[PDB]
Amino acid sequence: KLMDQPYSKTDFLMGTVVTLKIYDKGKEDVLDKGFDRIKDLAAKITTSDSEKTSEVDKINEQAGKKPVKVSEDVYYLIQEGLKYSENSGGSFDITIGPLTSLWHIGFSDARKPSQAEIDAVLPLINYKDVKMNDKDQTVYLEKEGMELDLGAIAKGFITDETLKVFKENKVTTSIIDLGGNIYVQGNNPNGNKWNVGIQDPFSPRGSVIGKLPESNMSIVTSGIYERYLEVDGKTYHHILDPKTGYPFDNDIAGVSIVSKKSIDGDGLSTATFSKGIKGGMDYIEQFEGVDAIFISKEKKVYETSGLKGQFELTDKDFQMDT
């Protein structure tokens, strides 16, 4: 019971254009259910809440005082945030809050902080300083000044929770688009795989260099010009090195991580970005079922072993290589 033209709703949340599309005859009401679940989770987890009413806003408030009871969503997301900090090359840390709050890249008051300000917040970054109580469902930051930032895994977790709300309503065929996070469920009604736009990391969001046939997967796109600060004609993107305080700078311009779960595409993005085109390709080769497309600063495109010869390059300004 598939339609060719889907039920579709677009909003604009978290400063990003969100679109949900369901190709299932009769399942129109599931659009408002998906969006309700996005707005409910986004309100629980955000650290950009100017009112400071979030569950994370409260943990950050009681840093070095007392633990904070949290809902299951927040407790689960933080638990996964800590695990992704273990796997990394010391590259990923949900306690990067104080550094990300200082730069505040992509906000109206985005600035390049002085070296002295950056040196002040670095020693406060340690995921091992986050103690969770299971029997209490409390999260505690052990030292004053620590802050949580879940921005790196927030959209991935939300996309997976949107996908689960979808299948509880027996949706079979859908597209979830949360800016740089895309989930394609089932197939194009016409029977072919979904054609996923692989973002041009040198153009506004939606400009693509090529399509990638996928079905039942997440594509999480990162780029050096997605949300960036330009001070004195020098660019600073949002993926920061917790051990230096500055953005990661290598040959990578864009990466799209193809995974089963969108939270994993978000979760491995930082460590993958941190290691460079070739060091990051090898990092992806250690994850079964995870693959990636890298786009170098010289506009050369690289596939991981599981995606070789599958990506269809359609911008002639870009070339394929090994």
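Note that residue numbering follows the sequence shown and begins at 1. Rigid core here is just the name for the largest C-alpha set that superposes within 1.5 Å across the two forms.
Between stretches 124 to 132 and 85 to 93, greater average Cα displacement in 4 other deposited structures of this protein relative to the shown form, fitted by the core, falls on 85 to 93. Using the rigid core as the fitting frame, the root mean square C-alpha deviation in 4 other deposited structures of this protein is greater for 175 to 183 than for the other of 158 to 166 and 175 to 183. Mean CA temperature factor is higher for 226 to 234 when stretches 168 to 176 and 226 to 234 are set side by side in the entry. Taking only CA atoms, the mean B-factor in the PDB entry is higher for 86 to 94 than for the other of 86 to 94 and 150 to 158. Ranking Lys52, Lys260, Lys275, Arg37 by the C-alpha B-factor listed in the PDB entry places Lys52 at the top.
Comparing the listed residues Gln199, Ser215, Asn190, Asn181, the entry records the largest Cα B-factor for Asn190. Sort the modelled residues of the chain by CA B factor and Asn195 lands in the lowest third. Among all modelled residues in this chain, the alpha-carbon of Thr304 has a temperature factor (C-alpha) in the lowest third. When all modelled residues of the chain are sorted by CA temperature factor, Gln62 is found within the highest third. Split the chain's modelled residues into thirds by C-alpha temperature factor. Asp282 is in the middle one. Per the PDB record, residue ranking by Cα B-factor puts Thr47 in the middle third of the chain.
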